[PDB]
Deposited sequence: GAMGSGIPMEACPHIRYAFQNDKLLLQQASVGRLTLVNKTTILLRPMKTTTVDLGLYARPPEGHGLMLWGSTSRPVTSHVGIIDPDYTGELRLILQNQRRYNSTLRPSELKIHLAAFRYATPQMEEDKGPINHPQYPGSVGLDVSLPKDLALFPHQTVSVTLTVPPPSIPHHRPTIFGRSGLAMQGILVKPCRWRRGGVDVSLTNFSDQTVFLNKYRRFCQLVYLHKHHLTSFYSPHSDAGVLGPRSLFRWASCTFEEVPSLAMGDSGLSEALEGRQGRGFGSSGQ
């Protein structure tokens, strides 16, 4: 893997380390999560993955807070943000050091409804459409099955991730592998309002990760937070290169 070029400037976050292909930031100040509302951390982080790769952005905490897992497109030159939701019905705080924020690369592939190309080219994921109307009540999870197999790509593995638009509205998708038998996709509404998602609405994205990026082995090179403990995410072995001019 060629270098991941990045810029980072944010007095409220500490760069812990950029090691073995993963950059990790930690919060230096208390982050308040109001209940029933989205909390968005503006990271002051900018990054460009090498050829053939996308970037994975995720948060880790032992507190009752769930973060959106972000898929970062190769063409994205804006600021990276972490989107957080509160699991509780009262204020939850992330005290200093309680939130870790990770960025790492992965190889992906692209096949040529319900699986759709986004209208902007070299994007990592393909939009997946809802097969039925769903009503998502506050602080509840709703699941839906996708049964028809996606195209098979040699040496790659279809996965499902959420998108940031619904995440901002309080709706998170739990990332998961789309195995041959079908996938049950779970949507959780962390807001106080009922969200009605209609049949055919895009509700998640399909990403083909190179098979090397999924492992059962725990190590400083993998993380169970992303897609869960069965399918550990093992990022590409890239080097981070600071390029200050990327900061906007």
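Trainee: Hey, which stretches of the deposited sequence didn't make it into the model?
Mentor: Residues lacking C-alpha coordinates: 1-11, 124-128, 265-286.
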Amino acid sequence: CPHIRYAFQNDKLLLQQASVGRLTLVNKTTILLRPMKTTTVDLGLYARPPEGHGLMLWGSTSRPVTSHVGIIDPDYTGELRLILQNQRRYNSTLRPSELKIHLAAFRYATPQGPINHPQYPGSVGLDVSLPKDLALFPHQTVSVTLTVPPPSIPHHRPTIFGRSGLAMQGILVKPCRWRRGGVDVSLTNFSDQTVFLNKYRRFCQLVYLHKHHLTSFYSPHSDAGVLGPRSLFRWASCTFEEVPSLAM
From here on, numbers count along this sequence of modelled residues.
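Trainee: Mean CA B-factor: is it higher for 92-100 or for 156-164?
Mentor: The entry gives the higher C-alpha B-factor average to 92-100.
Trainee: Between 144-152 and 79-87, which has the larger average Cα B-factor in the PDB entry?
Mentor: Result: 144-152.
Trainee: Would you mind checking which of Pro74, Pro114, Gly125, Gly170 has the top Cα temperature factor in the PDB entry?
Mentor: Going by the entry's C-alpha B-factors, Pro114 comes out highest.
Trainee: Between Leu45, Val41, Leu33, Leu197, let me know which has the highest C-alpha B-factor in the entry?
Mentor: Spelled out: the listed residue with the top C-alpha B-factor is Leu197.
Trainee: Rank-wise, by C-alpha B-factor, drop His53 into the lowest, middle or highest third of its chain.
Mentor: For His53, whose C-alpha B-factor we compare with every modelled residue in the chain, the answer is the middle third.
Trainee: Comparing against every modelled residue in the chain, figure out the third that the C-alpha B-factor of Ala18 lands in (lowest, middle or highest).
Mentor: It belongs to the middle third of the chain when residues are ordered by C-alpha B-factor.
Trainee: Going by the CA temperature factor in the PDB record, which third of the chain does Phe137 belong to: lowest, middle or highest?
Mentor: CA B-factor rank for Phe137: middle third.
Trainee: Compared with the other modelled residues in the chain, in which third is the CA B-factor of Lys211?
Mentor: Answer is middle: the recorded C-alpha B-factor places it there.
Trainee: Compared with the other modelled residues in the chain, in which third is the CA B-factor of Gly181?
Mentor: Its C-alpha B-factor belongs to the highest third of this chain's values.
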